[PDB]
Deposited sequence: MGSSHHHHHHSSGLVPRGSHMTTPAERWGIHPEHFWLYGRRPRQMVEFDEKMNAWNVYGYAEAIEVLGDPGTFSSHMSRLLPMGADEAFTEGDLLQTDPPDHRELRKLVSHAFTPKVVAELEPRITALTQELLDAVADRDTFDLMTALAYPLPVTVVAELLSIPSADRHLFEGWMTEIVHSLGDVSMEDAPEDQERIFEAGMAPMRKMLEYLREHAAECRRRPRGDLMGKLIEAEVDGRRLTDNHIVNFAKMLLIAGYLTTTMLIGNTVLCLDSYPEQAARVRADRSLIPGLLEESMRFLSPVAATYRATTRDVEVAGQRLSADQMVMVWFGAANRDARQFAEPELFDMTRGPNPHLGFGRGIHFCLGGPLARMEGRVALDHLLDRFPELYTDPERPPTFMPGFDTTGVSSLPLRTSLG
């Protein structure tokens, strides 16, 4: 069966998408001036040692409040403080709103013969969750819909969004409430109250981290359903397969193909000697194709497994929006299949993908009913 990668030429440089093995699981590149980690076990080792493999990228050369760029102990405190807003409890509380939105979005395309799934369902979806968590007024949510689209399209839309979030942080200081913003106002990291800049960077981080990759998740999954008809038929007849389907979609096409790490000391990984102050690229996409961990990794199999892929990552930085992303993917797919009995890709209007080399996901997906 022809994979999505072979059908449309998804990231030809991503050799693992075409069943090709890396010569070594840890390889240095002179052109990139960075170490590449391709193996599953080696990835877990790198991700499991944040003291050696820092997340603070500025070391190799503003980021305060941004969890992605923060190491322990500051990371430990800041994550612990915001953890409550990402639990399965918050997932269940937000589901009816996202369900309603999914219905509304699919009402618009219900009678269409052709439609782009990305612009119809995938793009106008993920903002709502983050907007709810950041207590963005419902009237200002359209602004974030526009801003996030522009940044995806390509500095100017980012400037306006940061400008809004600065005043939003100052407004929430005048309005005390038991939400995520309110807890950030009363928060203490390193024995110090977080300034507006800390909260702005956190808000910016959350918006970026909760948008494009969720969009890629929706796109990639439908792309996989179109490539595997026998498996897609089982999904329509058994909707309880959807959670497993989404997990495999992330293994097969990891929206975040790689994350970045920086060495703090001389370290040996898989016999390779890494020097201090060097960039390390941890390829989630490559690690998800490791046959030492996954049986027949070249095959798409929704029935895995359990499926311990690295699409959400691994370690202390493990995706906080993990539970929220799976839910958003589930609701989007379930209702999409309910509304459209038949969905097909168009050879005349082929799907396009994000150019980013550290990503693997759909940018546009034209669909037809017959």
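Unmodelled regions of the deposited chain sequence (numbering from residue 1, in sequence order): 1 to 20, 82 to 88, 182 to 201, 418 to 419.
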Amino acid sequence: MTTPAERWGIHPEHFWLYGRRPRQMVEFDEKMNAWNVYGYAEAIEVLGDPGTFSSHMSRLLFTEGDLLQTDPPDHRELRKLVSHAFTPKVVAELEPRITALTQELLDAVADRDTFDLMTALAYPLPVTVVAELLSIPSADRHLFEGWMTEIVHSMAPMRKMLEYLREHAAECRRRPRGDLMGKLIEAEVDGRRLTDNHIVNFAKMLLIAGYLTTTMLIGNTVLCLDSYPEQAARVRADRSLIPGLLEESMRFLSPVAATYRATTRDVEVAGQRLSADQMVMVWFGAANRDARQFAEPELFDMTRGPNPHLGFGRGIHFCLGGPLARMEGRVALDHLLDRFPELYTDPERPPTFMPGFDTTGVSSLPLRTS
From here on, numbers count along this sequence of modelled residues.
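Remark: stretch with higher mean C-alpha B factor among 325 to 333 and 29 to 37 is 29 to 37. If you average the C-alpha B-factors over 343 to 351 and over 358 to 366, the higher value belongs to 343 to 351. For the set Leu245, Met205, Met155, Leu253, the PDB entry puts the maximum C-alpha B factor at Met155.
The PDB entry assigns its highest CA temperature factor, among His309, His317, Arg304, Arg59, to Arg59. When the modelled residues of the chain are ordered by their C-alpha B factor, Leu81 lands in the highest third. Ranked within its chain, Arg141 lands in the middle third, by CA B factor from the PDB record. Remark: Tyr228 belongs to the middle third of its chain, ranked by C-alpha B-factor as recorded. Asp66: CA B factor lies in the middle third for its chain, per the PDB record.
Per the deposited record, the Cα B-factor of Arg177 falls in the highest third when ranked against the other modelled residues of its chain.
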